[PDB]
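A.B. asks: Sending over a structure as structure tokens; questions will come in a sec.
Neighbour counts run over all protein chains shown; Cβ positions are idealised from the backbone, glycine included. Read-outs throughout are calculated quantities, based only on the coordinates presented, and are distinct from any laboratory measurement.
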């Protein structure tokens, strides 16, 4: 697992431990597993899927941002 | 023994055949020219493996438990679920034929290719020395006739579905207009769409044949050319690589068959 | 190599194995499998109706 | 040429091939079968609890 | 003899050019398959099916050339 | 005699070039299709439609060359 | 006399090299087309139009070379 | 023999290499054009005019080769 | 006489073009595998499994040609 | 006579190889020019200037190769 | 006699093409290895391990062709 | 006769491969020169200086090969 | 006699192909090395330490091709 | 004596192939040098240092092949 933060300029939105995430980067869908190489990208407005370790799935709506 | 290796290899390439117009077994060097001359030994193993498949699957199909399955049952249902998942991803019509056709192709071709792994001289040694028959080469899929028989069956199916599901008006409309959609192009498009359709099955058959035929030809060359102590070191790497070939060549035969029938009907 | 009557012989064996598999082998196995998968999903439907 | 030695070399090669095939190739298949038996046993036990 | 020896060279050309064409074309497609698998592993099952679909188109003419090469060297010999 | 013998080499060169041309062009187009699909899986049915459209165009000329190669081997022999 | 066989050789050379050129050129162009389509899906009919515009331009010399190879093989030889 | 068949072979070489060069060079150029067009969905005419200018450069030298091939086809032979 | 060296030359062509095709195809595939491995390192055993699957197809034609090369060299001298 | 008639093959190779080299090398250079123009359309005439500047070097060797090919074809042969 | 001429020519063409295949195939692989290392060198020993694993597959066919070239050159002389 | 013929064929290969080497090598180099220029035009004169230094190496070895080709055509006759 | 002329032709082929293979393989690998050093100038030590490691494998077969070319040119011919 | 003329083809082929491979190998390497320079121009002398180091290896085999090209054309002749 790895650590995930979803942070807005105002307040924090998620701080759990994750096994993987799926996002829509600007240049396409993108799925981050553990150990993934350093990367920087914008993300498009729309949902992110988290699977918290032990496999618990949830959807967070984001108005955009940078990953 | 009066074997030169080049002749030993020559004997190993030859089949056993029967003349349908004279009922004579064919000679080590003298074939009859008439096309009515069945390749008996590959037919024998081809049907023996088709029978063994249908026996095993019908035996579980009559036994089948809806509870926790038996271990053998588990392996047969595993392959049934793998086939069904592939078909249902690629195909969306109701046609009842597609799934059993894909299963029969996959399992039959897998078992045929699996016959090549067996030591090349052991069954020919039994068949000549015990039964006296002049030749044996056991891999059914290592002959063009079988793979073209299967490919031409699929070609007949492709034409049957493409007529049945969109009719001669649409079928000719596809074969004449696309790609360039104008009458002067229609003579050209009739050529291109015709040879494309002809290439789909024939390449289907030849893909399986070339890989299996050369796969056997390597074991023949390894047995003929090399001394006993050296034969294992080259043989083992090729046998284990061949396992990957035999599996992929079966799986590709199945998948391309489904892709062609789904593309034709839908 | 030698294109041969075996092409017909194999075609006959092929179509016979397809028809026996299609009627006799595929529906029994898929019916037992789907009967299990369905009755498990009926367990899921019962747990939802219980809570609701 | 020593045809008997060619059959000797084919036997030795097959013994080595079956050693590799049994030890590496077979446990992955048996583990996939036993995985699906575990998967079905858990699926049915959870549906059975949902009935009560 | 005058007629037979050249045929082995003609087949050797058919097989060599088919081997280059199939090996490089499949290598290119496989490379884009492995990139796609690296960006989104959950797609790997879906993309492997798309790989086999497109790979079935790639090797069709190379396999035609391999078949006719094996016919010339074995059948006409 | 050379009339008979050399025509198998002429077919061989036609089939080898048609195999390289078709396999490379389809390999590149398919690779760009697979990377596009991996980036945009919801687009996959749409892109697959355009892929078969554009691959028909790519495929057109090599099938001419293979068809004549078969006519040179069998028909004029 | 032997004078006809090399005309089949010439037609084999010219048609093969035209099939290589056309197939690889259309493969690269169509690949970049599909990349663009994958980014901007609503744009696909516009890009498809522009693709056809360049698509005709790449194959003009291949079409000349195939025409001349048909001329040599069927009409002269 | 020794005269005319070598002339047909030389023409086939000239025009086959011309078809290779022209088709690949414009295929690359058009691919970069389509990538720019998909990036700039408004500048399609502004870019395509530049494409026609540099395409004119790419096509002019193989067209010299095609004219020389047609000279050998009709005017020498 | 000529017959032996012409068949050795035919095998030498088959092996040379097979070695080019296999080496370039696996080089391209390996490059995309390594850039994928540098990206998702914990996935390296998974991606390596998919690499072996696609490598089996890339090797498929080169091994056909190698075997026929060995047949022409040893089996018909 | 063969002494002249065979020199046409030399001229065909010399100019044909110059044709593929010039067409692909300009096709690459023009493609990078078109991407530079597509990213910054404010900048087109300066890039067009530098493109013509290096395009002269690119053409320099091919144009002497075609010139000597024409000289051998017209004046020597 | 004449056979030694062609036996050395066959050995030279086979080993030369095997050298082109091996050298380019490893060069292409190695570039993606370097670019992957240059972004995050901590991976270098891991990626170098994978580099050797895939490089051993690259050399399969080229080294076979080298072995047959050596046998043709020394043992067949 | 043939003595004079073969030296012109030797020039045709020498100049044709030198034309390909010069054309591609500068086409690639100038393509990257144009990309770096399009990113930062104020930088253009410095990159133009480095480009001509690197080009001098690319351009020298073909140009000496062409010079040896002209030596073979004119002075060796 | 003829033997030395075709021996020198064979060695010429073997060394020309080995020079192509070593040149393109090192050119690609060096290009990615120069990128890597530009991305982290500080690491231009470690990257060079690797680059040599990869270059040894890239060169290993071409060095054999040169070695046997010199063996033929100066011992056999 | 035919011995006189055949050496010129063996040299012309060696120097033509060494010119293609050296010109493309330095063209690629210089391209990555130029895009490196356009990103960090203060580094341009340091990257020049590495570029000349790597260029010496790229040239190492081509200079050998041109040196024997001259030796065959002047000194064996």
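A.B. asks: Once every DSSP H run of n ≥ 4 in the protein assembly as shown is given -39500 (n - 2.57) and the sum is divided by its residues, what mean residue ellipticity at 222 nm do you get, rounded to the nearest 500 deg cm²/dmol?
C.D. replies: -27000 deg cm²/dmol
A.B. asks: Counting other C-beta atoms within 10 Å, which of B:228, B:108 has the fewest, and how do the rest follow?
C.D. replies: Ascending Cβ contact count within 10 Å gives the list B:228, B:108.
A.B. asks: Just counting partner chain Cβ atoms within 10 Å, what average do the residues of peptide F:68-74 show around their Cβ?
C.D. replies: For this peptide, the per-residue mean of nearby foreign Cβ atoms is 5.
A.B. asks: Using just the C-alpha positions of the range B:135-183 as equal point scatterers, what log10 of I(q)/I(0) does the Debye formula give at each q in 0.22 1/Å?
C.D. replies: Log10 I(q)/I(0), no solvent term: -0.81.
A.B. asks: Angle between the Cα long axis of helix C:6-20 and the longest principal axis of chain C, 0 to 90 degrees, nearest 10?
C.D. replies: 20
A.B. asks: Quick one: with label points 7 Å out along Cα→Cβ, list the inter-copy distances for residue C:8 in nm, shortest first?
C.D. replies: For residue C:8, the other copies' label points sit at 5.0 nm, shortest first.
A.B. asks: Shifting gears a bit: Between copies, how far does the label point of residue C:46 sit from its twins, in nm, shortest first, when each point is 7 Å from Cα along Cα→Cβ?
C.D. replies: 1.5
A.B. asks: So what is the relative contact order of chain B, in percent, for Cα pairs below 8 Å that sit 6 or more residues apart?
C.D. replies: With pairs under 8 Å counted, the relative contact order is 26 percent.
A.B. asks: If you wrap a convex hull around the alpha carbons of chain H, what volume per residue comes out, as a whole number of Å³?
C.D. replies: Normalising the Cα hull of chain H by residue number yields 66 Å³.
A.B. asks: Still on this structure: Considering the convex hull of the alpha carbon atoms of chain D, report its projected area averaged over all viewing directions, in nm², one decimal.
C.D. replies: For chain D, averaging the hull's shadow over all directions gives 4.4 nm².
A.B. asks: Ranked highest first by the average count of other Cβ atoms within 10 Å around their residues, in what order do N:36-48, B:147-159 fall?
C.D. replies: Per-residue Cβ counts within 10 Å, averaged per peptide and sorted highest first, yield B:147-159, N:36-48.
A.B. asks: Evaluate Rg over Rh across the range B:177-217, taking Cα atoms for both radii and Kirkwood's formula for Rh.
C.D. replies: Here Rg/Rh amounts to 1.33.
A.B. asks: When a/c reaches 1.5 or more, the comparison of a/b and b/c decides; with that in mind, is the range B:86-242 rounded, prolate or oblate per its Cα gyration tensor?
C.D. replies: prolate
A.B. asks: Mind computing the radius of gyration and Dmax over the alpha-carbon atoms of the protein assembly as shown? Å is fine for both.
C.D. replies: When restricted to the Cα atoms of the protein assembly as shown, Rg and Dmax are 31.1, 105 Å.
A.B. asks: Right, here's the next one. Quick one: label points 7 angstrom along Cα→Cβ at residue D:25, distances to the other copies in nm, smallest first?
C.D. replies: From this label point to the equivalent ones elsewhere in the assembly: 2.1 nm.
A.B. asks: I've got another one for you. Project the alpha carbons of the range B:68-139 onto their principal axes and report the range along each, largest first, in whole Å.
C.D. replies: Principal-axis extents of the Cα atoms in the range B:68-139, largest first: 52, 30, 17 Å.
A.B. asks: Between residue B:163 and residue A:8, how high is the FRET efficiency from 1/(1 + (r/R0)^6) when r is the Cβ-Cβ distance and R₀ = 60 Å? Nearest 0.05.
C.D. replies: Taking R0 as 60 Å, the efficiency between residue B:163 and residue A:8 is 0.50.
A.B. asks: Could I ask something else about it? Given the C-alpha atoms of chain B, compute the convex hull and give its volume per residue in Å³.
C.D. replies: 200
A.B. asks: Using only Cα atoms, locate the centre of the range N:44-77 and the centre of the range B:204-264, then give the distance between them in Å, rounded to an integer.
C.D. replies: 45
A.B. asks: While we're on this one: Round to the nearest 10 and give me the degree value, 0 to 90, for the angle of helix L:2-39's Cα axis relative to the longest principal axis of chain L.
C.D. replies: 0
A.B. asks: Can you pull the mean other chain C-beta count within 10 Å for peptide B:237-243?
C.D. replies: Partner-chain Cβ atoms within 10 Å, mean over residues of B:237-243: 4.
A.B. asks: Here's a follow-up. Relative to the compact globular guide of 2.2 N^0.38 Å, what is the alpha carbon radius of gyration of chain A, as a ratio?
C.D. replies: Normalised Rg, Cα atoms only: 1.05.
A.B. asks: Fewest Cβ neighbours within 10 Å first, please rank B:24, B:46 accordingly.
C.D. replies: B:24, B:46
A.B. asks: Here is a further query. Can you tell me the relative contact order of chain A? Whole percent, Cα pairs under 8 Å, sequence separation 6 or more.
C.D. replies: 28
A.B. asks: Angle between the Cα long axis of helix B:228-265 and the longest principal axis of chain B, 0 to 90 degrees, nearest 10?
C.D. replies: Between the helix axis and the principal axis of chain B, the angle is about 20 degrees.
A.B. asks: How many Cβ atoms of partner chains, on average, are near each residue of L:40-51 if near means within 10 Å of its Cβ?
C.D. replies: 4
A.B. asks: On to the next question. Run the simple label-point estimate for residue C:8 and residue K:77 please: 7 Å along Cα→C-beta, distance reported in nm.
C.D. replies: It works out to 5.8 nm between the two label points.
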